[PDB]
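Student: Just need the structure, nothing else, for what follows:
(one chain, ligands or ions: 4)
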Amino acid sequence: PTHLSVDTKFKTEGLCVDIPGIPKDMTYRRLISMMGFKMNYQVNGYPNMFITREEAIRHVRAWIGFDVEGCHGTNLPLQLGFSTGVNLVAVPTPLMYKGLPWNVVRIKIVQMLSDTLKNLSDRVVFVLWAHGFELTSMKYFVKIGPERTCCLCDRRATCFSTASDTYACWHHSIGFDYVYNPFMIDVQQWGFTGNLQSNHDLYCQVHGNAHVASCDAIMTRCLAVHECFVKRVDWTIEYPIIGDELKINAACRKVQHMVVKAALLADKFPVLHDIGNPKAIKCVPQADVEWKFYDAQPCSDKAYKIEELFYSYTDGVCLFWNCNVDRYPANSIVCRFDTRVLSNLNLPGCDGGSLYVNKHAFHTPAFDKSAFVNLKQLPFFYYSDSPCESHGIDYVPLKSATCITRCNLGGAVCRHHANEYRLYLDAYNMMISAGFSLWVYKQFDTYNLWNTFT
Ligand SMILES: c1ccc(CCNc2nc3ccccc3[nH]2)cc1
Ligand SMILES: [Zn+2]
Ligand SMILES: [Zn+2]
Ligand SMILES: [Zn+2]
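Tutor: Residues are numbered from 1 along each chain as shown. Ligands and ions are numbered 1, 2, ... in the order given. What follows is the structure:
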């Protein structure tokens, strides 16, 4: 069982208000047929338009919530809503658009999906809370067939053009009018009691229902992210490299060794309490300090309460490297992912949180500035006790107050420490822009690092 069988049953109870008289016994095969699609027994990599929950999770970057609300359905205008905030009105003749015919509506859909998805995924997955009109309206902007490649590259085809009779990926679909071979999943098939608004509002207060299709589309994908990444966490699932994943991770590791090594040299703590990831290693293996580990997995719902992390039976320093707590103690070094960051790695989440996808998927709770009241923002600095010796990438004399080296203390930064400073500043910028934020105990002062050059 790799894919979802077309002969699997589809519960049609959620469809019988828009589609009265719908058979209670229904398969995906009859549903697809009812929707106006002829699969014609094709063994060509597209076995079903609908997918399993496991396949949807593997493709979370492709998720677009989709809802259709019949404003007045053959004779009536439909309101098409997407989890991008877009509301299009199709006439059968926050971004709310006026009534236009399907031939122009379909052009806008291809443009919107391509601009939203070209840097996230090789496909689209329409996340539904299916009542009927979204499924029946699919024939107006979707064409299906065998799996294909783009006419301008080796990526899989996600669009089709009736104007040129050609196929394209999200990057080369400019002017294409049809969504080709999309995927979809109905959240209403997961066994929920009650309507979408009531199930969604149990876990989220950020999304409301201003009574437009996009509001329901946003609530749909949000409820789907909750079930698959907040209440359920599968950390075995690997995700493709779509950006600066490798650089961002290596940058985070360089920043961590730097920041922790310097705090231990500056304030000479006898013990460091490392709270977080159970698979953690000492980031400064040669430090004098008594290193003590505490296991706490990445919380994906609410930020850990310091009362429960600690008090259950102030000396030294606490290291909270990506361990999201409600209020950090004053003696801490903290790396905290900012869920508000706009990037191709950070997808929107549930209750203000976000889905950060870099190798694994991590739903992170909403960033809260009040978690850091006992700390201050960590300033940039580069520290090095390594010998001044080149080994060699051209040079322009470096002058900086934040290059804490013997050469800068002695009056002139050497070429080696200037290359190492410029590389460290790039890794630092990479990490800050990726969404991470650095915080430290208020007594941290880089002025104390100069006296380690005796
Ligand atoms: C079950 C059993 C015991 C515990 C507390 C362990 N002792 C501890 N954790 C610390 C963190 C930071 C600083 C000092 C600490 N001492 C928690 C859960
Ligand atoms: Zn292409
Ligand atoms: Zn929500
Ligand atoms: Zn030097």
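Student: drop to CA atoms for contacts and neighbour counts, all remaining ones
Tutor: OK.
Student: quick one, helices of the protein?
Tutor: For the chain, the helices defined by DSSP state H occupy 28-34, 53-58, 102-117, 133-136, 196-200, 213-225, 245-267, 306-309, 406-409, 415-433.
Student: Any idea how many residues pack against the residue of the stretch 51-200 of the chain found nearest ligand 4?
Tutor: Relative to ligand 4, the nearest point of the stretch 51-200 of the chain is residue 119 (40.9 Å; CA to the ion). For residue 119, the count of nearby residues is 16 (other CA atoms under 10 Å).
Student: how about it, phi and psi?
Tutor: phi -100, psi 0 (degrees, to the nearest 10).
Student: Run through the residues that contact it.
Tutor: Listed by CA atoms under 8 Å, 6 or more residues apart in numbering, the contact set of residue 119 reads 242, 344.
Student: Quickly note the distance from it to residue 350.
Tutor: According to CA to CA, to the nearest Å, residue 119 and residue 350 sit 22 Å apart.
Student: same check, this time on residue 144
Tutor: Relative to residue 350, and taking CA to CA, residue 144 is found at 32 Å.
Student: These two: who's more crowded?
Tutor: Between residue 144 and residue 350, counted using other CA under 10 Å, residue 350 has the larger neighbour count: 29 against 19.
Student: Setting aside sequence-adjacent positions, which residue approaches that one most closely?
Tutor: Closest residue in space to residue 350, ignoring its immediate chain neighbours: residue 222 at 5.4 Å, by CA to CA, 6 or more residues apart in numbering.
Student: Tell me how many other residues crowd residue 17.
Tutor: Residue 17: 12 surrounding residues under other CA under 10 Å.
Student: Let me fix that, I meant to ask about residue 39.
Tutor: Here the number of neighbours of residue 39 (other CA under 10 Å) works out to 17.
Student: now do residue 384
Tutor: Here the count is done by other CA under 10 Å, and residue 384 has 18 residues near it.
Student: these two touch, right, it and residue 402?
Tutor: No: at 11.1 Å, residue 384 and residue 402 do not qualify as touching, with contact defined as CA atoms under 8 Å.
Student: Check the spacing between residue 225 and residue 2 real quick.
Tutor: Computed with CA to CA, the distance linking residue 225 and residue 2 is 22 Å.
Student: I should have written residue 229 there, sorry.
Tutor: Residue 229 is 21 Å from residue 2, by CA to CA.
Student: check contacts around residue 296.
Tutor: Residue 296 makes contact with 275-278, 323, according to CA under 8 Å, 6+ apart.
Student: ok, for the residue in the stretch 151-300 of the chain positioned nearest to ligand 1, nearest residue in space, not its chain neighbours?
Tutor: As assessed by CA to the nearest ligand atom, ligand 1 sits closest to residue 273 within the stretch 151-300 of the chain, at 5.1 Å. Computed as CA to CA, 6+ apart, the closest residue to residue 273 that is not its neighbour in sequence is residue 318, at 4.6 Å.
Student: does the one you found have beta-bridge partners, and which?
Tutor: Note on residue 318: beta-bridge partners by DSSP bridges are residue 273, residue 332.
Student: Using a markdown table, lay out the helices of the chain together with distance to ligand 2 and mean neighbour count.
Tutor: Output for the helices of the chain, formatted as a markdown table (distance: least, CA to the ion, whole Å; neighbours: other CA atoms under 10 Å):
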| stretch | distance to ligand 2 | mean neighbour count |
| --- | --- | --- |
| helix 28-34 | 28 | 16 |
| helix 53-58 | 22 | 16 |
| helix 102-117 | 11 | 18 |
| helix 133-136 | 27 | 20 |
| helix 196-200 | 36 | 16 |
| helix 213-225 | 27 | 26 |
| helix 245-267 | 22 | 18 |
| helix 306-309 | 49 | 12 |
| helix 406-409 | 51 | 19 |
| helix 415-433 | 28 | 18 |
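Student: isn't residue 93 right up against residue 101?
Tutor: Yes: using CA under 8 Å, residue 93 is in contact with residue 101, at 6.6 Å.
Student: Tell me which of the two has more neighbours.
Tutor: Ranked by neighbour count (other CA under 10 Å), residue 93 and residue 101 place residue 101 first, with 13 against 10.
Student: hang on, the more buried one packs against residue 88?
Tutor: No: here residue 101 does not reach residue 88: they are 10.2 Å apart, not a contact under CA under 8 Å.
Student: can you tell me the distance between the two ends of stretch 443-453?
Tutor: Stretch 443-453 has its terminal residues 21 Å apart, counting by CA to CA.
Student: Numbering from 697 from now on, please.
Tutor: Shifting the count to begin at 697 puts that one at stretch 1139-1149.
Student: buried set for that stretch?
Tutor: Buried positions in stretch 1139-1149, judged by neighbour count with 16 or more other CA atoms under 10 Å: 1140, 1142, 1145.
Student: repeat for stretch 1003-1014
Tutor: By neighbour count on 16+ other CA under 10 Å, the buried set for stretch 1003-1014 is 1012-1014.
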